[PDB]
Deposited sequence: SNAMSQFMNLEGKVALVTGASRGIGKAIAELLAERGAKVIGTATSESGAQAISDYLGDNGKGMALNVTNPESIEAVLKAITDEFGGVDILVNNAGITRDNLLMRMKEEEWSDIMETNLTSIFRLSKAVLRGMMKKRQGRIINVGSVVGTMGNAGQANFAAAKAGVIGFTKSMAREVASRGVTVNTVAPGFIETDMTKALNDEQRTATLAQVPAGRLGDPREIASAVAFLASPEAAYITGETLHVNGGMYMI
């Protein structure tokens, strides 16, 4: 039906090889989007191509490298058209033990988690604003929420919305679980499909009047 229909929309999903990212790309495809997901390797890309099938493809992308970003977007633009939906989900959620890390390892954690969001968002934004139509959904640092709301204010008048989905404890591959559960009023972990549901809602034409929002999907955790 016409309800939450993404047919004719080109969606780029970063970090799409498993868990939350793969749920997002699959659901966006189920709702009619043409989906391009990314992984850090070619076998990651290929696996994304496998599960998307005719609904999209995978591409290898290093979020920290402006050359990779520029090439990946050219490839997308040539084959599919300008990006209409951008889901920034790439992140190395890798034991931030800041005090003990080397400066170059710390540069990489920041470029991957934060700077990449800015770079990707900036690159797709020109097209969306020219079109008067776009969705950027950021799924890293707590600076993400600030960046979302600042960018949302700036681009709202040109038909582009910018929103954050903030997950709680989601069941990924990563006992002492009962310890975690006690912090969640719903008393259970989230399913990655429930983050994807939120993202997909925000990506729809029906969410055109929601921008600058943080959608918490966390079992009541606040």
Counting from 1 along the deposited sequence, which stretches lack C-alpha positions?
1-4, 144-160, 196-201, 250-251
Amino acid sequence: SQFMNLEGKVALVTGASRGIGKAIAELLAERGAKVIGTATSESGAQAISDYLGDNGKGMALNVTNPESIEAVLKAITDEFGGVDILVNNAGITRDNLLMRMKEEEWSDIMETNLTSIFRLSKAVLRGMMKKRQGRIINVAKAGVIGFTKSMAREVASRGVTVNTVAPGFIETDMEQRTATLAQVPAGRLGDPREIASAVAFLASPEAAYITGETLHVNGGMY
From here on, numbers count along this sequence of modelled residues.
Look over 124-132 and 91-99 in the entry and identify the one with the greater average Cα temperature factor.
91-99
Per the PDB record, is the mean Cα temperature factor higher over 77-85 or over 140-148?
140-148
For 48, 33, 181, 165, the deposited C-alpha B-factor is largest at 181
Deposited CA B-factor, highest of 161, 157, 197, 62:
62
Would you please rank residue 174 by its C-alpha temperature factor against the other modelled residues of its chain and give the third it falls in: lowest, middle or highest?
highest
Mind checking which third residue 69 falls in for C-alpha B-factor across the chain?
highest
Assigned third (lowest, middle, highest) for the C-alpha B factor of residue 44:
highest
